[PDB]
Amino acid sequence: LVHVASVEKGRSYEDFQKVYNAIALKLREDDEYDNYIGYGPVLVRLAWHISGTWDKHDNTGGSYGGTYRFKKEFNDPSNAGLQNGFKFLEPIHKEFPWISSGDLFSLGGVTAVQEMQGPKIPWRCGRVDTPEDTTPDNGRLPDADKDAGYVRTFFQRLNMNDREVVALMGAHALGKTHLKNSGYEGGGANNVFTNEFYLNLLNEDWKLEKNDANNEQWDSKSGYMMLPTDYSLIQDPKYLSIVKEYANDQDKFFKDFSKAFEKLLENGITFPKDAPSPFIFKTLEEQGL
Ligand code: HEM
Ligand SMILES: Nc1ncnc2ccccc12
């Protein structure tokens, strides 16, 4: 099962920068969503959930086919709340109907990270929409009520190693949990990409509490929370070393996140040798827009 990247006909960097800009301008303008957090975090989660269905064993799932647009995947309980991200992107897709669904969903994630003052994420085009029968079954996305061994084993299916996992999890500095979506509540209202997830893990006094959905979570008196899978990163000696590394080196974290996030968004895709190089998009700020 091979998925070969195919560039949208006649399109080049400038076309994709236009799409980036449209997403970035809407992120700035539609700023009241989720108590003024904005749509950045939910776009990051959407890009991860469309990618995180991949299975390295048979090359099913992943970002290539844009299958989140079909009912089976859209309605996966694990995807509850992402409809908000889809609705955000819908007018963009109407304005740029030539872009594939996988390209749009993945570019939304890249745009969000960069516009939230995160690292540059190189991005490649050429995902191609595939038919409804290629949609993966529900149940490929991870549970939150588990431990370090579960997280490690889960991420092996996505060909991620312990450094890649710890780096990717740093996205949990962003946004929050919502009881009605996932049965976890809280996290505050951060929409700036930093290494604070690692600093919070190490520095806060965490208490194991039960929330209103009868699930356990780790809460601090400062008002922060960690999922059981978040907290597992300081329970496992290998993960803990890496958490300490990122808490102490913002730049290293940015660089490792950039690589892991690009890999996540590209898993399963074969790029021909004559495909364009990855694009690095300018932010609105870099453009003076
Ligand atoms: C073991 C792996 C993971 C688990 C169990 C997990 C679980 C969750 C849960 C339960 C939520 C709350 C959803 C809601 O209530 O609205 C969430 C939110 C989020 N996750 Fe993850 N996640 C994992 C990995 C990741 C990865 C790898 C990324 C990105 C690189 C990511 C990015 C996000 C973001 C940005 C949000 C916030 C969404 C919002 O504010 O609407 N997560 N995650
Ligand atoms: N803001 C968050 N802090 C800790 N863990 C999380 C897990 C999921 C989403 C947001 C957070």
# chains A, B, ... in the order shown; residues from 1 in each chain; ligands from 1
call {"tool": "residues_near_ligand", "arguments": {"ligand": "ligand 2", "cutoff": "7 Å", "atoms": "only C-alpha atoms and all ligand atoms", "output": "mmCIF file with N, CA and C atoms, in the first residue's frame"}}
result
data_model
loop_
_atom_site.group_PDB
_atom_site.id
_atom_site.type_symbol
_atom_site.label_atom_id
_atom_site.label_comp_id
_atom_site.auth_asym_id
_atom_site.auth_seq_id
_atom_site.Cartn_x
_atom_site.Cartn_y
_atom_site.Cartn_z
ATOM 1 N N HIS A 172 0.860 19.922 24.651
ATOM 2 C CA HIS A 172 -0.089 20.034 25.737
ATOM 3 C C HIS A 172 0.157 21.239 26.626
ATOM 4 N N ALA A 173 1.091 22.093 26.270
ATOM 5 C CA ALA A 173 1.107 23.467 26.813
ATOM 6 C C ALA A 173 -0.049 24.294 26.307
ATOM 7 N N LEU A 174 -0.649 23.839 25.204
ATOM 8 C CA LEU A 174 -1.638 24.619 24.470
ATOM 9 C C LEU A 174 -3.076 24.226 24.824
ATOM 10 N N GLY A 175 -3.979 25.225 24.944
ATOM 11 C CA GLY A 175 -5.373 24.920 25.083
ATOM 12 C C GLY A 175 -5.688 24.177 26.345
ATOM 13 N N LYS A 176 -6.750 23.397 26.296
ATOM 14 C CA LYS A 176 -7.270 22.800 27.519
ATOM 15 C C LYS A 176 -8.088 21.576 27.200
ATOM 16 N N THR A 177 -8.423 20.854 28.239
ATOM 17 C CA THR A 177 -9.405 19.799 28.149
ATOM 18 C C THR A 177 -10.811 20.386 28.443
ATOM 19 N N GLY A 187 -6.928 23.207 32.503
ATOM 20 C CA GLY A 187 -5.641 23.491 31.876
ATOM 21 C C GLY A 187 -5.363 24.974 31.681
ATOM 22 N N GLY A 188 -6.352 25.832 31.866
ATOM 23 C CA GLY A 188 -6.103 27.253 31.680
ATOM 24 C C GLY A 188 -6.353 27.659 30.237
ATOM 25 N N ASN A 190 -3.791 28.935 27.693
ATOM 26 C CA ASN A 190 -2.618 29.334 26.975
ATOM 27 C C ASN A 190 -2.690 29.115 25.450
ATOM 28 N N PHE A 197 4.897 23.205 29.381
ATOM 29 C CA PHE A 197 4.368 21.907 29.799
ATOM 30 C C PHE A 197 5.390 21.189 30.702
ATOM 31 N N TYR A 224 -3.615 24.442 37.298
ATOM 32 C CA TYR A 224 -3.189 23.623 36.177
ATOM 33 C C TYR A 224 -3.681 22.188 36.323
ATOM 34 N N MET A 225 -3.685 21.437 35.229
ATOM 35 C CA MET A 225 -4.001 20.020 35.267
ATOM 36 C C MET A 225 -3.064 19.227 34.351
ATOM 37 N N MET A 226 -2.928 17.936 34.637
ATOM 38 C CA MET A 226 -2.263 16.991 33.782
ATOM 39 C C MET A 226 -3.153 15.752 33.661
ATOM 40 N N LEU A 227 -3.263 15.239 32.433
ATOM 41 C CA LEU A 227 -3.847 13.921 32.227
ATOM 42 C C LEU A 227 -2.952 12.843 32.849
ATOM 43 N N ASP A 230 -0.060 12.433 30.600
ATOM 44 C CA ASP A 230 0.893 13.573 30.768
ATOM 45 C C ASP A 230 1.835 13.302 31.953
#
call {"tool": "residues_near_ligand", "arguments": {"ligand": "ligand 1", "cutoff": "6 Å", "atoms": "only C-alpha atoms and all ligand atoms", "output": "list in words"}}
result
residues 41, 42, 44, 45, 48, 81, 142, 143, 144, 151, 168, 169, 171, 172, 174, 175, 176, 177, 178, 179, 181, 182 and 229 of chain A
call {"tool": "write_last_selection", "arguments": {"atoms": "C-alpha atoms", "output": "PDB file, in the first residue's frame"}}
result
ATOM      1  CA  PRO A  41      -4.889  24.785  19.832  1.00  0.00           C
ATOM      2  CA  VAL A  42      -7.876  22.948  18.270  1.00  0.00           C
ATOM      3  CA  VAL A  44      -3.024  21.621  16.262  1.00  0.00           C
ATOM      4  CA  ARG A  45      -5.105  18.825  17.710  1.00  0.00           C
ATOM      5  CA  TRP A  48      -2.483  15.435  15.052  1.00  0.00           C
ATOM      6  CA  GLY A  81     -14.648  18.817  19.641  1.00  0.00           C
ATOM      7  CA  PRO A 142      -4.853   7.022  22.343  1.00  0.00           C
ATOM      8  CA  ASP A 143      -6.598   6.803  25.689  1.00  0.00           C
ATOM      9  CA  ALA A 144      -5.685   9.308  28.406  1.00  0.00           C
ATOM     10  CA  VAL A 151       2.140   5.607  25.838  1.00  0.00           C
ATOM     11  CA  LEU A 168       5.245  15.882  20.694  1.00  0.00           C
ATOM     12  CA  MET A 169       3.569  15.890  24.103  1.00  0.00           C
ATOM     13  CA  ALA A 171       1.893  20.543  22.579  1.00  0.00           C
ATOM     14  CA  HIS A 172      -0.089  20.034  25.737  1.00  0.00           C
ATOM     15  CA  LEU A 174      -1.638  24.619  24.470  1.00  0.00           C
ATOM     16  CA  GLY A 175      -5.373  24.920  25.083  1.00  0.00           C
ATOM     17  CA  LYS A 176      -7.270  22.800  27.519  1.00  0.00           C
ATOM     18  CA  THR A 177      -9.405  19.799  28.149  1.00  0.00           C
ATOM     19  CA  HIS A 178     -13.224  20.170  28.028  1.00  0.00           C
ATOM     20  CA  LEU A 179     -15.367  17.867  30.164  1.00  0.00           C
ATOM     21  CA  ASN A 181     -15.439  16.349  24.856  1.00  0.00           C
ATOM     22  CA  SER A 182     -13.141  14.010  26.725  1.00  0.00           C
ATOM     23  CA  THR A 229      -0.695  10.105  30.327  1.00  0.00           C
TER      24      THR A 229
END
call {"tool": "atom_distance", "arguments": {"atom1": "CA of residue 67 in chain A", "atom2": "CA of residue 129 in chain A"}}
result
7.4 Å
call {"tool": "closest_atom_pairs", "arguments": {"of": "range 174-243 of chain A", "to": "range 250-262 of chain A", "cutoff": "10 Å", "atoms": "only C-alpha atoms", "output": "CSV"}}
result
residue,atom,partner,partner_atom,distance
A:193,CA,A:254,CA,9.2
A:194,CA,A:250,CA,7.5
A:195,CA,A:250,CA,6.0
A:196,CA,A:250,CA,9.3
A:198,CA,A:253,CA,9.9
A:242,CA,A:253,CA,9.6
A:243,CA,A:253,CA,9.5
call {"tool": "write_last_selection", "arguments": {"atoms": "C-alpha atoms", "output": "tab-separated table (two decimals), in the first residue's frame"}}
result
chain	number	residue	atom	x	y	z
A	193	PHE	CA	3.80	27.92	22.14
A	194	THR	CA	6.40	27.51	24.84
A	195	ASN	CA	8.14	24.79	26.85
A	196	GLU	CA	5.90	25.43	29.84
A	198	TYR	CA	7.73	20.55	31.01
A	242	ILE	CA	13.96	14.13	28.39
A	243	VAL	CA	11.40	16.24	30.27
call {"tool": "closest_residue", "arguments": {"among": "A:208, A:107, A:125, A:166", "to": "residue 277 in chain A", "atoms": "only C-alpha atoms"}}
result
A:125
call {"tool": "atom_distance", "arguments": {"atom1": "CA of residue 282 in chain A", "atom2": "CA of residue 118 in chain A"}}
result
12.3 Å
call {"tool": "select_by_dssp", "arguments": {"residues": "range 40-287 of chain A", "states": "strand (DSSP E)", "output": "number ranges by chain"}}
result
A: 207-210, 216-219, 225-226, 269-270
call {"tool": "residues_around", "arguments": {"residues": "residue 289 in chain A", "least_positions_apart": "3", "cutoff": "9 Å", "atoms": "only C-alpha atoms", "output": "list in words"}}
result
residues 21, 25, 283, 284, 285 and 286 of chain A
call {"tool": "select_by_dssp", "arguments": {"residues": "range 40-288 of chain A", "states": "alpha helix (DSSP H)", "output": "compact mmCIF listing (two decimals) with N, CA and C atoms, in the first residue's frame"}}
result
# COMPACT_ATOMS: atom_id res chain seq x y z
N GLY A 40 -6.22 28.30 17.60
CA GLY A 40 -4.90 27.70 17.41
C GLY A 40 -4.76 26.29 17.97
N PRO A 41 -5.06 26.12 19.26
CA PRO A 41 -4.89 24.78 19.83
C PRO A 41 -5.75 23.70 19.16
N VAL A 42 -7.02 23.98 18.88
CA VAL A 42 -7.88 22.95 18.27
C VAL A 42 -7.36 22.59 16.84
N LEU A 43 -6.75 23.54 16.13
CA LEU A 43 -6.17 23.24 14.83
C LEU A 43 -4.94 22.30 14.92
N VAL A 44 -4.16 22.50 15.98
CA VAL A 44 -3.02 21.62 16.26
C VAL A 44 -3.53 20.21 16.57
N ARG A 45 -4.56 20.13 17.39
CA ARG A 45 -5.10 18.83 17.71
C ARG A 45 -5.69 18.13 16.49
N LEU A 46 -6.33 18.90 15.62
CA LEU A 46 -6.94 18.33 14.41
C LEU A 46 -5.83 17.72 13.53
N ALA A 47 -4.74 18.46 13.34
CA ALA A 47 -3.65 17.97 12.49
C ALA A 47 -3.05 16.70 13.08
N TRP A 48 -2.95 16.63 14.40
CA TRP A 48 -2.48 15.43 15.05
C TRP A 48 -3.44 14.27 14.94
N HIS A 49 -4.72 14.50 15.13
CA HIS A 49 -5.70 13.40 15.03
C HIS A 49 -5.89 12.83 13.64
N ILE A 50 -5.77 13.65 12.61
CA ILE A 50 -5.82 13.11 11.25
C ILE A 50 -4.58 12.31 10.86
N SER A 51 -3.48 12.60 11.51
CA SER A 51 -2.22 11.93 11.29
C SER A 51 -2.06 10.70 12.17
N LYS A 71 -17.96 10.53 7.54
CA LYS A 71 -18.75 10.39 8.77
C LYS A 71 -18.08 9.49 9.83
N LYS A 72 -17.54 8.37 9.40
CA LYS A 72 -16.99 7.41 10.32
C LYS A 72 -15.88 8.04 11.18
N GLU A 73 -14.97 8.73 10.53
CA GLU A 73 -13.86 9.35 11.23
C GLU A 73 -14.27 10.65 11.95
N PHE A 74 -15.11 11.45 11.30
CA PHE A 74 -15.59 12.71 11.87
C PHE A 74 -16.31 12.46 13.21
N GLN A 83 -14.80 19.12 15.40
CA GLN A 83 -15.76 19.73 14.45
C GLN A 83 -15.59 21.26 14.39
N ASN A 84 -15.22 21.85 15.52
CA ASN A 84 -14.97 23.30 15.59
C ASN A 84 -13.82 23.72 14.64
N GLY A 85 -12.76 22.91 14.61
CA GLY A 85 -11.65 23.13 13.71
C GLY A 85 -12.03 22.94 12.27
N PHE A 86 -12.83 21.92 12.00
CA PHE A 86 -13.30 21.67 10.64
C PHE A 86 -14.13 22.86 10.14
N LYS A 87 -15.03 23.37 10.99
CA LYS A 87 -15.86 24.51 10.62
C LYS A 87 -15.04 25.76 10.36
N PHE A 88 -13.98 25.93 11.15
CA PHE A 88 -13.07 27.05 10.96
C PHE A 88 -12.46 26.99 9.55
N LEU A 89 -12.07 25.80 9.12
CA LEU A 89 -11.36 25.68 7.85
C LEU A 89 -12.26 25.66 6.65
N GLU A 90 -13.54 25.39 6.85
CA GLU A 90 -14.45 25.24 5.73
C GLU A 90 -14.45 26.46 4.78
N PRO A 91 -14.54 27.68 5.32
CA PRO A 91 -14.54 28.83 4.38
C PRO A 91 -13.20 28.99 3.65
N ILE A 92 -12.12 28.55 4.27
CA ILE A 92 -10.81 28.58 3.62
C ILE A 92 -10.81 27.62 2.42
N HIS A 93 -11.37 26.43 2.64
CA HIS A 93 -11.43 25.44 1.58
C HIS A 93 -12.29 25.93 0.43
N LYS A 94 -13.33 26.69 0.72
CA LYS A 94 -14.14 27.25 -0.34
C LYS A 94 -13.40 28.28 -1.15
N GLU A 95 -12.56 29.04 -0.50
CA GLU A 95 -11.78 30.06 -1.18
C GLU A 95 -10.64 29.45 -2.05
N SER A 101 -7.78 17.82 1.01
CA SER A 101 -8.23 17.87 2.40
C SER A 101 -7.09 17.58 3.36
N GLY A 102 -6.28 16.56 3.06
CA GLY A 102 -5.12 16.29 3.89
C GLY A 102 -4.12 17.42 3.95
N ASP A 103 -3.90 18.06 2.81
CA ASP A 103 -3.01 19.23 2.79
C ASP A 103 -3.59 20.36 3.65
N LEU A 104 -4.89 20.61 3.55
CA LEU A 104 -5.48 21.68 4.32
C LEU A 104 -5.44 21.41 5.82
N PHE A 105 -5.79 20.19 6.21
CA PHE A 105 -5.85 19.87 7.63
C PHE A 105 -4.44 19.92 8.24
N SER A 106 -3.43 19.43 7.51
CA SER A 106 -2.06 19.47 8.01
C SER A 106 -1.47 20.87 8.00
N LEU A 107 -1.77 21.63 6.95
CA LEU A 107 -1.30 23.01 6.91
C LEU A 107 -1.92 23.85 8.03
N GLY A 108 -3.17 23.55 8.40
CA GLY A 108 -3.80 24.27 9.52
C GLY A 108 -2.99 24.13 10.80
N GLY A 109 -2.48 22.93 11.05
CA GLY A 109 -1.64 22.68 12.20
C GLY A 109 -0.30 23.42 12.20
N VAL A 110 0.35 23.41 11.05
CA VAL A 110 1.59 24.14 10.85
C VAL A 110 1.35 25.63 11.08
N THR A 111 0.30 26.15 10.47
CA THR A 111 0.01 27.58 10.57
C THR A 111 -0.21 27.96 12.03
N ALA A 112 -1.02 27.16 12.72
CA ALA A 112 -1.35 27.42 14.13
C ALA A 112 -0.07 27.48 14.99
N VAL A 113 0.81 26.47 14.84
CA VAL A 113 2.01 26.42 15.65
C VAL A 113 2.84 27.70 15.41
N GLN A 114 3.03 28.06 14.13
CA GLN A 114 3.86 29.19 13.83
C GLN A 114 3.25 30.51 14.30
N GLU A 115 1.95 30.67 14.12
CA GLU A 115 1.26 31.90 14.49
C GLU A 115 1.15 32.05 16.00
N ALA A 148 2.89 5.10 31.47
CA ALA A 148 3.99 5.28 30.56
C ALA A 148 4.19 4.12 29.57
N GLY A 149 3.98 2.90 30.04
CA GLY A 149 4.17 1.74 29.15
C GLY A 149 3.17 1.76 28.03
N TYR A 150 1.93 2.17 28.34
CA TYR A 150 0.93 2.30 27.32
C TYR A 150 1.36 3.37 26.27
N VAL A 151 1.74 4.54 26.75
CA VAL A 151 2.14 5.61 25.84
C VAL A 151 3.29 5.13 24.93
N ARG A 152 4.30 4.47 25.51
CA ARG A 152 5.46 4.00 24.75
C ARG A 152 5.03 3.02 23.66
N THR A 153 4.19 2.06 24.02
CA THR A 153 3.75 1.02 23.11
C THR A 153 2.85 1.60 22.03
N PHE A 154 1.97 2.51 22.45
CA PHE A 154 1.08 3.14 21.50
C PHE A 154 1.87 3.84 20.39
N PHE A 155 2.88 4.62 20.78
CA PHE A 155 3.60 5.45 19.83
C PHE A 155 4.55 4.65 18.94
N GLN A 156 4.91 3.43 19.35
CA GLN A 156 5.65 2.55 18.42
C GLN A 156 4.88 2.28 17.13
N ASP A 162 11.20 7.43 22.16
CA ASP A 162 10.89 8.08 23.41
C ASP A 162 11.15 9.64 23.18
N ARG A 163 12.22 10.22 22.56
CA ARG A 163 12.44 11.62 22.44
C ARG A 163 11.34 12.25 21.60
N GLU A 164 10.95 11.57 20.53
CA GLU A 164 9.85 12.06 19.69
C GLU A 164 8.54 12.18 20.46
N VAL A 165 8.21 11.19 21.25
CA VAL A 165 7.01 11.21 22.06
C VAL A 165 7.03 12.38 23.07
N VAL A 166 8.12 12.52 23.80
CA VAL A 166 8.18 13.57 24.80
C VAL A 166 8.11 14.95 24.15
N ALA A 167 8.78 15.11 23.00
CA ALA A 167 8.69 16.37 22.26
C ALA A 167 7.26 16.66 21.80
N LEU A 168 6.60 15.67 21.18
CA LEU A 168 5.24 15.88 20.69
C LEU A 168 4.29 16.26 21.81
N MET A 169 4.47 15.65 23.00
CA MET A 169 3.57 15.89 24.10
C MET A 169 3.64 17.33 24.63
N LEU A 179 -14.68 19.02 29.59
CA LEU A 179 -15.37 17.87 30.16
C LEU A 179 -16.30 17.18 29.16
N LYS A 180 -17.07 17.97 28.41
CA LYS A 180 -18.05 17.43 27.45
C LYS A 180 -17.40 16.72 26.26
N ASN A 181 -16.15 17.02 25.96
CA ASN A 181 -15.44 16.35 24.86
C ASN A 181 -14.78 15.06 25.26
N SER A 182 -14.10 15.07 26.40
CA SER A 182 -13.14 14.01 26.72
C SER A 182 -13.26 13.45 28.12
N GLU A 196 6.44 25.41 28.47
CA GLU A 196 5.90 25.43 29.84
C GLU A 196 5.28 24.11 30.31
N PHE A 197 4.90 23.21 29.38
CA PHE A 197 4.37 21.91 29.80
C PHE A 197 5.39 21.19 30.70
N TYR A 198 6.66 21.24 30.31
CA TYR A 198 7.73 20.55 31.01
C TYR A 198 8.04 21.22 32.35
N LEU A 199 8.04 22.55 32.34
CA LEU A 199 8.25 23.32 33.56
C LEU A 199 7.14 23.07 34.58
N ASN A 200 5.89 23.03 34.10
CA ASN A 200 4.75 22.75 34.99
C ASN A 200 4.83 21.36 35.56
N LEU A 201 5.18 20.38 34.73
CA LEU A 201 5.30 19.00 35.23
C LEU A 201 6.27 18.90 36.39
N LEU A 202 7.40 19.58 36.25
CA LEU A 202 8.49 19.47 37.24
C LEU A 202 8.26 20.35 38.47
N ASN A 203 7.62 21.50 38.31
CA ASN A 203 7.60 22.50 39.36
C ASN A 203 6.34 22.53 40.22
N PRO A 228 -3.53 11.67 33.20
CA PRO A 228 -2.66 10.55 33.61
C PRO A 228 -1.50 10.27 32.62
N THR A 229 -1.75 10.37 31.32
CA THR A 229 -0.69 10.10 30.33
C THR A 229 0.36 11.21 30.30
N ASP A 230 -0.06 12.43 30.60
CA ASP A 230 0.89 13.57 30.77
C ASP A 230 1.84 13.30 31.95
N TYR A 231 1.21 12.98 33.09
CA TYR A 231 1.97 12.76 34.31
C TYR A 231 2.91 11.55 34.21
N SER A 232 2.56 10.59 33.35
CA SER A 232 3.37 9.39 33.19
C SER A 232 4.81 9.75 32.75
N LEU A 233 4.97 10.91 32.10
CA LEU A 233 6.28 11.34 31.62
C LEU A 233 7.30 11.61 32.72
N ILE A 234 6.80 11.85 33.95
CA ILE A 234 7.71 12.02 35.09
C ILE A 234 7.79 10.80 35.99
N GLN A 235 6.99 9.79 35.67
CA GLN A 235 7.00 8.50 36.39
C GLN A 235 7.97 7.48 35.80
N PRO A 237 11.65 6.60 34.08
CA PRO A 237 12.96 7.24 34.15
C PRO A 237 13.51 7.75 32.81
N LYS A 238 13.18 7.09 31.72
CA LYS A 238 13.65 7.53 30.44
C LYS A 238 12.94 8.79 29.98
N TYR A 239 11.64 8.85 30.15
CA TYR A 239 10.90 10.04 29.81
C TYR A 239 11.34 11.23 30.67
N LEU A 240 11.52 10.98 31.96
CA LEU A 240 11.88 12.03 32.89
C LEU A 240 13.16 12.75 32.48
N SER A 241 14.16 12.02 32.03
CA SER A 241 15.40 12.66 31.57
C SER A 241 15.15 13.66 30.46
N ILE A 242 14.26 13.29 29.56
CA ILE A 242 13.96 14.13 28.39
C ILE A 242 13.11 15.34 28.80
N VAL A 243 12.17 15.12 29.69
CA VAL A 243 11.40 16.24 30.27
C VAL A 243 12.34 17.28 30.88
N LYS A 244 13.32 16.81 31.66
CA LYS A 244 14.26 17.72 32.25
C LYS A 244 15.07 18.47 31.18
N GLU A 245 15.41 17.79 30.10
CA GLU A 245 16.19 18.41 29.04
C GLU A 245 15.42 19.58 28.40
N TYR A 246 14.15 19.36 28.11
CA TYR A 246 13.32 20.39 27.47
C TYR A 246 12.93 21.52 28.40
N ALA A 247 12.81 21.21 29.69
CA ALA A 247 12.54 22.25 30.69
C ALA A 247 13.67 23.23 30.77
N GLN A 250 14.86 25.64 25.83
CA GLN A 250 13.74 25.98 24.95
C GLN A 250 14.05 25.73 23.48
N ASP A 251 15.24 26.09 23.08
CA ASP A 251 15.63 25.93 21.69
C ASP A 251 15.66 24.48 21.25
N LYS A 252 16.17 23.61 22.12
CA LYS A 252 16.25 22.19 21.80
C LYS A 252 14.84 21.64 21.67
N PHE A 253 13.96 22.02 22.57
CA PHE A 253 12.64 21.59 22.47
C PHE A 253 11.96 22.02 21.12
N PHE A 254 12.15 23.28 20.74
CA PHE A 254 11.58 23.79 19.49
C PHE A 254 12.09 22.97 18.30
N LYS A 255 13.38 22.71 18.26
CA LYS A 255 13.96 21.99 17.15
C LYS A 255 13.48 20.56 17.07
N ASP A 256 13.41 19.89 18.24
CA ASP A 256 12.95 18.51 18.26
C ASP A 256 11.44 18.39 17.96
N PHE A 257 10.65 19.33 18.49
CA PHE A 257 9.24 19.36 18.16
C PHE A 257 9.00 19.52 16.67
N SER A 258 9.74 20.44 16.06
CA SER A 258 9.58 20.71 14.62
C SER A 258 9.78 19.44 13.78
N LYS A 259 10.81 18.69 14.11
CA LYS A 259 11.14 17.49 13.38
C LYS A 259 10.11 16.41 13.60
N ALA A 260 9.71 16.23 14.85
CA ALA A 260 8.74 15.16 15.18
C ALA A 260 7.36 15.47 14.57
N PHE A 261 6.98 16.75 14.59
CA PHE A 261 5.66 17.15 14.11
C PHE A 261 5.62 17.00 12.58
N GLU A 262 6.69 17.40 11.91
CA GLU A 262 6.75 17.19 10.46
C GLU A 262 6.66 15.68 10.13
N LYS A 263 7.39 14.88 10.89
CA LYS A 263 7.39 13.43 10.66
C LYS A 263 5.98 12.86 10.83
N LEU A 264 5.31 13.27 11.91
CA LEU A 264 3.96 12.84 12.19
C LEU A 264 3.03 13.14 10.99
N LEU A 265 3.15 14.34 10.46
CA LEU A 265 2.28 14.79 9.36
C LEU A 265 2.64 14.16 8.02
N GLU A 266 3.83 13.57 7.91
CA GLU A 266 4.29 12.94 6.69
C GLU A 266 4.29 11.44 6.70
N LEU A 284 2.64 35.88 9.50
CA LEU A 284 2.10 37.22 9.21
C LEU A 284 3.04 38.32 9.70
N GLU A 285 3.59 38.14 10.89
CA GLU A 285 4.46 39.12 11.48
C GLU A 285 5.71 39.36 10.58
N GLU A 286 6.30 38.26 10.06
CA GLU A 286 7.45 38.37 9.15
C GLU A 286 7.11 39.07 7.84
N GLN A 287 5.85 39.00 7.45
CA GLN A 287 5.38 39.66 6.24
C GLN A 287 4.93 41.11 6.45
call {"tool": "closest_residue", "arguments": {"among": "A:126, A:65, A:183, A:131", "to": "residue 278 in chain A", "atoms": "only C-alpha atoms"}}
result
A:126
call {"tool": "residues_around", "arguments": {"residues": "residue 34 in chain A", "least_positions_apart": "4", "cutoff": "9 Å", "atoms": "only C-alpha atoms", "output": "NGL selection string"}}
result
:A and (38-39 or 175 or 189)
call {"tool": "residues_around", "arguments": {"residues": "range 4-6 of chain A", "least_positions_apart": "5", "cutoff": "10 Å", "atoms": "only C-alpha atoms", "output": "PyMOL selection string"}}
result
chain A and resi 64+124-128+266+268-272+275
call {"tool": "write_last_selection", "arguments": {"atoms": "N, CA, C and O atoms", "output": "mmCIF file, in the first residue's frame"}}
result
data_model
loop_
_atom_site.group_PDB
_atom_site.id
_atom_site.type_symbol
_atom_site.label_atom_id
_atom_site.label_comp_id
_atom_site.auth_asym_id
_atom_site.auth_seq_id
_atom_site.Cartn_x
_atom_site.Cartn_y
_atom_site.Cartn_z
ATOM 1 N N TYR A 64 -2.600 11.356 4.648
ATOM 2 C CA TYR A 64 -2.618 11.456 3.182
ATOM 3 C C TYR A 64 -4.015 11.601 2.587
ATOM 4 O O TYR A 64 -4.237 12.462 1.738
ATOM 5 N N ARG A 124 5.333 19.820 3.420
ATOM 6 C CA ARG A 124 5.284 19.338 2.055
ATOM 7 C C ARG A 124 3.845 19.137 1.599
ATOM 8 O O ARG A 124 2.975 18.656 2.346
ATOM 9 N N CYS A 125 3.598 19.503 0.350
ATOM 10 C CA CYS A 125 2.295 19.357 -0.268
ATOM 11 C C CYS A 125 2.182 18.027 -0.990
ATOM 12 O O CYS A 125 3.159 17.294 -1.143
ATOM 13 N N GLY A 126 0.957 17.717 -1.391
ATOM 14 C CA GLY A 126 0.718 16.604 -2.305
ATOM 15 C C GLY A 126 -0.076 15.455 -1.764
ATOM 16 O O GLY A 126 -0.114 14.402 -2.408
ATOM 17 N N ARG A 127 -0.690 15.618 -0.576
ATOM 18 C CA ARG A 127 -1.647 14.638 -0.138
ATOM 19 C C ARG A 127 -2.811 14.628 -1.111
ATOM 20 O O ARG A 127 -3.181 15.659 -1.652
ATOM 21 N N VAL A 128 -3.389 13.441 -1.342
ATOM 22 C CA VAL A 128 -4.460 13.269 -2.296
ATOM 23 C C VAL A 128 -5.688 12.636 -1.641
ATOM 24 O O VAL A 128 -5.597 11.606 -0.942
ATOM 25 N N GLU A 266 3.833 13.571 7.912
ATOM 26 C CA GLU A 266 4.288 12.937 6.688
ATOM 27 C C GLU A 266 4.294 11.436 6.696
ATOM 28 O O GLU A 266 4.493 10.825 5.645
ATOM 29 N N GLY A 268 3.584 7.760 6.199
ATOM 30 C CA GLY A 268 2.799 7.002 5.218
ATOM 31 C C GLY A 268 2.915 7.519 3.796
ATOM 32 O O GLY A 268 2.425 6.880 2.887
ATOM 33 N N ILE A 269 3.556 8.670 3.609
ATOM 34 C CA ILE A 269 3.572 9.331 2.293
ATOM 35 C C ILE A 269 4.911 9.106 1.612
ATOM 36 O O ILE A 269 5.968 9.349 2.230
ATOM 37 N N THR A 270 4.874 8.684 0.348
ATOM 38 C CA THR A 270 6.082 8.547 -0.445
ATOM 39 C C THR A 270 6.193 9.787 -1.316
ATOM 40 O O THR A 270 5.295 10.089 -2.123
ATOM 41 N N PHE A 271 7.297 10.499 -1.141
ATOM 42 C CA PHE A 271 7.608 11.672 -1.961
ATOM 43 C C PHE A 271 8.566 11.289 -3.091
ATOM 44 O O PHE A 271 9.668 10.797 -2.852
ATOM 45 N N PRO A 272 8.156 11.500 -4.315
ATOM 46 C CA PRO A 272 9.009 11.217 -5.463
ATOM 47 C C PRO A 272 10.259 12.030 -5.386
ATOM 48 O O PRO A 272 10.289 13.055 -4.776
ATOM 49 N N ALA A 275 9.966 15.639 -6.352
ATOM 50 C CA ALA A 275 9.008 16.482 -5.618
ATOM 51 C C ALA A 275 9.693 17.751 -5.173
ATOM 52 O O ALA A 275 10.884 17.759 -4.947
#
call {"tool": "atom_distance", "arguments": {"atom1": "CA of residue 132 in chain A", "atom2": "CA of residue 63 in chain A"}}
result
14.1 Å
